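To start, the structure under review is shown below, and the notes come after it.
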Amino acid sequence: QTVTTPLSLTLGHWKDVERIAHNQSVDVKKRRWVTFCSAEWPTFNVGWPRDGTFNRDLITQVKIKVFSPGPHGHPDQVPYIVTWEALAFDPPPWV
């Protein structure tokens, strides 16, 4: 069907991820996208899988962490979670 992970799907369609970011008036780097998805967000212990997810509830959990007030939040990560959110909320056909 394929059980390709969400993260690998996003990498497979990277230019469209950038398009989605741009429509949110942000920009995203592929290497940071990967690091945040796989290394940083799982350490929040809010349910973010290392290989990503398109589940809006899980995206929202990360979003609340990222948007928390200094020193609790992650300004650098804002464009990234905003883009995952937009991807999930108004997705393109690849998913």
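Please note that chains go A, B, ... in the order of the structure tokens, that every chain numbers its residues from 1, and that ligands are numbered from 1 in the order shown.
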
For this session: Pull the helix (DSSP H, G or I) assignments for segment 18-48 of chain A out of DSSP run on the backbone, and list those residues as a ChimeraX atom specification.
Result: /A:18-23,30-44

Those residues with N, CA and C atoms, as a PDB file, in the first residue's frame please?
ATOM      1  N   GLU A  18       8.454  21.729   1.314  1.00  0.00           N
ATOM      2  CA  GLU A  18       8.856  23.127   1.270  1.00  0.00           C
ATOM      3  C   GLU A  18       7.738  24.061   0.810  1.00  0.00           C
ATOM      4  N   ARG A  19       6.977  23.646  -0.221  1.00  0.00           N
ATOM      5  CA  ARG A  19       5.823  24.414  -0.700  1.00  0.00           C
ATOM      6  C   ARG A  19       4.822  24.670   0.414  1.00  0.00           C
ATOM      7  N   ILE A  20       4.539  23.628   1.218  1.00  0.00           N
ATOM      8  CA  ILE A  20       3.616  23.768   2.319  1.00  0.00           C
ATOM      9  C   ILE A  20       4.154  24.755   3.356  1.00  0.00           C
ATOM     10  N   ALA A  21       5.433  24.644   3.655  1.00  0.00           N
ATOM     11  CA  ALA A  21       6.063  25.593   4.562  1.00  0.00           C
ATOM     12  C   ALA A  21       5.902  27.027   4.067  1.00  0.00           C
ATOM     13  N   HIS A  22       6.277  27.207   2.773  1.00  0.00           N
ATOM     14  CA  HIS A  22       6.239  28.552   2.197  1.00  0.00           C
ATOM     15  C   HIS A  22       4.850  29.158   2.268  1.00  0.00           C
ATOM     16  N   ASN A  23       3.806  28.359   2.052  1.00  0.00           N
ATOM     17  CA  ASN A  23       2.435  28.857   2.116  1.00  0.00           C
ATOM     18  C   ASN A  23       2.077  29.284   3.539  1.00  0.00           C
ATOM     19  N   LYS A  30      15.862  20.439   5.432  1.00  0.00           N
ATOM     20  CA  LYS A  30      15.651  19.003   5.504  1.00  0.00           C
ATOM     21  C   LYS A  30      16.403  18.389   6.660  1.00  0.00           C
ATOM     22  N   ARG A  31      17.633  18.785   6.921  1.00  0.00           N
ATOM     23  CA  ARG A  31      18.396  18.108   7.947  1.00  0.00           C
ATOM     24  C   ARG A  31      17.802  18.390   9.336  1.00  0.00           C
ATOM     25  N   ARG A  32      17.271  19.615   9.544  1.00  0.00           N
ATOM     26  CA  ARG A  32      16.631  19.981  10.804  1.00  0.00           C
ATOM     27  C   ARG A  32      15.303  19.286  10.961  1.00  0.00           C
ATOM     28  N   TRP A  33      14.536  19.212   9.865  1.00  0.00           N
ATOM     29  CA  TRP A  33      13.302  18.472   9.826  1.00  0.00           C
ATOM     30  C   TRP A  33      13.532  17.067  10.403  1.00  0.00           C
ATOM     31  N   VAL A  34      14.566  16.404   9.905  1.00  0.00           N
ATOM     32  CA  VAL A  34      14.904  15.054  10.327  1.00  0.00           C
ATOM     33  C   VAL A  34      15.303  15.038  11.794  1.00  0.00           C
ATOM     34  N   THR A  35      16.233  15.908  12.172  1.00  0.00           N
ATOM     35  CA  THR A  35      16.720  15.909  13.552  1.00  0.00           C
ATOM     36  C   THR A  35      15.586  16.191  14.527  1.00  0.00           C
ATOM     37  N   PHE A  36      14.753  17.153  14.252  1.00  0.00           N
ATOM     38  CA  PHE A  36      13.651  17.464  15.181  1.00  0.00           C
ATOM     39  C   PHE A  36      12.693  16.287  15.271  1.00  0.00           C
ATOM     40  N   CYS A  37      12.322  15.726  14.118  1.00  0.00           N
ATOM     41  CA  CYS A  37      11.379  14.603  14.112  1.00  0.00           C
ATOM     42  C   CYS A  37      11.908  13.396  14.891  1.00  0.00           C
ATOM     43  N   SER A  38      13.200  13.053  14.632  1.00  0.00           N
ATOM     44  CA  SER A  38      13.726  11.782  15.071  1.00  0.00           C
ATOM     45  C   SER A  38      14.455  11.853  16.407  1.00  0.00           C
ATOM     46  N   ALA A  39      15.121  12.957  16.715  1.00  0.00           N
ATOM     47  CA  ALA A  39      15.974  13.085  17.875  1.00  0.00           C
ATOM     48  C   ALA A  39      15.322  13.976  18.917  1.00  0.00           C
ATOM     49  N   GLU A  40      14.843  15.169  18.551  1.00  0.00           N
ATOM     50  CA  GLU A  40      14.435  16.136  19.620  1.00  0.00           C
ATOM     51  C   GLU A  40      13.012  15.870  20.058  1.00  0.00           C
ATOM     52  N   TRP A  41      12.034  15.821  19.185  1.00  0.00           N
ATOM     53  CA  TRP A  41      10.645  15.740  19.609  1.00  0.00           C
ATOM     54  C   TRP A  41      10.298  14.486  20.386  1.00  0.00           C
ATOM     55  N   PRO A  42      10.892  13.316  20.081  1.00  0.00           N
ATOM     56  CA  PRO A  42      10.600  12.129  20.943  1.00  0.00           C
ATOM     57  C   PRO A  42      11.021  12.369  22.386  1.00  0.00           C
ATOM     58  N   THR A  43      12.059  13.193  22.629  1.00  0.00           N
ATOM     59  CA  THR A  43      12.487  13.393  24.019  1.00  0.00           C
ATOM     60  C   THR A  43      11.508  14.208  24.831  1.00  0.00           C
ATOM     61  N   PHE A  44      10.549  14.868  24.202  1.00  0.00           N
ATOM     62  CA  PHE A  44       9.508  15.585  24.946  1.00  0.00           C
ATOM     63  C   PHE A  44       8.594  14.635  25.721  1.00  0.00           C
TER      64      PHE A  44
END

Problem set entry | residue 53 of chain A surroundings by only C-alpha atoms, 10 Å radius, close-in-sequence under 3 positions cut, as a PyMOL selection string | chain A and resi 5-7+37+47-50+56-59+84+88

For this session: Find the spatial neighbours of residue 65 of chain A, counting only C-alpha atoms, within a cut-off of 10 Å - ignore same-chain residues fewer than 6 positions away - and output them as a list in words.
Result: residues 41, 44, 46, 72, 73, 74 and 77 of chain A

Put those residues in a file: C-alpha atoms, as a PDB file, in the first residue's frame.
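What follows is the written file selection34.pdb:
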ATOM      1  CA  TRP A  41      10.645  15.740  19.609  1.00  0.00           C
ATOM      2  CA  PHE A  44       9.508  15.585  24.946  1.00  0.00           C
ATOM      3  CA  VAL A  46       4.464  13.683  24.398  1.00  0.00           C
ATOM      4  CA  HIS A  72      10.418  25.999  28.164  1.00  0.00           C
ATOM      5  CA  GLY A  73       9.878  26.340  24.442  1.00  0.00           C
ATOM      6  CA  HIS A  74      11.793  26.007  21.196  1.00  0.00           C
ATOM      7  CA  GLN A  77      11.470  24.551  15.998  1.00  0.00           C
TER       8      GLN A  77
END

Exercise. Which is closest to residue 28 of chain A among A:87, A:95, A:78, A:3, if we use only C-alpha atoms?
Worked result: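 Using only C-alpha atoms, residue 28 of chain A sits closest to A:78.
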
For this session: Find the distance between atom CA of residue 12 of chain A and atom CA of residue 91 of chain A and write it in Å to one decimal.
Result: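 So the answer is 14.9 Å.
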
Problem set entry | Å distance separating atom CA of residue 10 of chain A from atom CA of residue 94 of chain A, one decimal place | 9.1 Å

Seminar exercise, completed: Min atom-atom distance to residue 14 of chain A from the set A:90, A:61, A:54, A:83, counting only C-alpha atoms, belongs to A:83

Problem set entry | Distance in Å - atom CA of residue 4 of chain A versus atom CA of residue 89 of chain A |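 Between atom CA of residue 4 of chain A and atom CA of residue 89 of chain A the gap is 19.9 Å.
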
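Omitting residue 63 of chain A and its sequence neighbours fewer than 6 positions away, and counting only C-alpha atoms, the residues within 9 Å are residues 78, 81, 82 and 85 of chain A.
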
Exercise. Of the candidates A:67, A:75, A:51, A:62, which one gets nearest to residue 9 of chain A if we count only C-alpha atoms?
Worked result: A:51
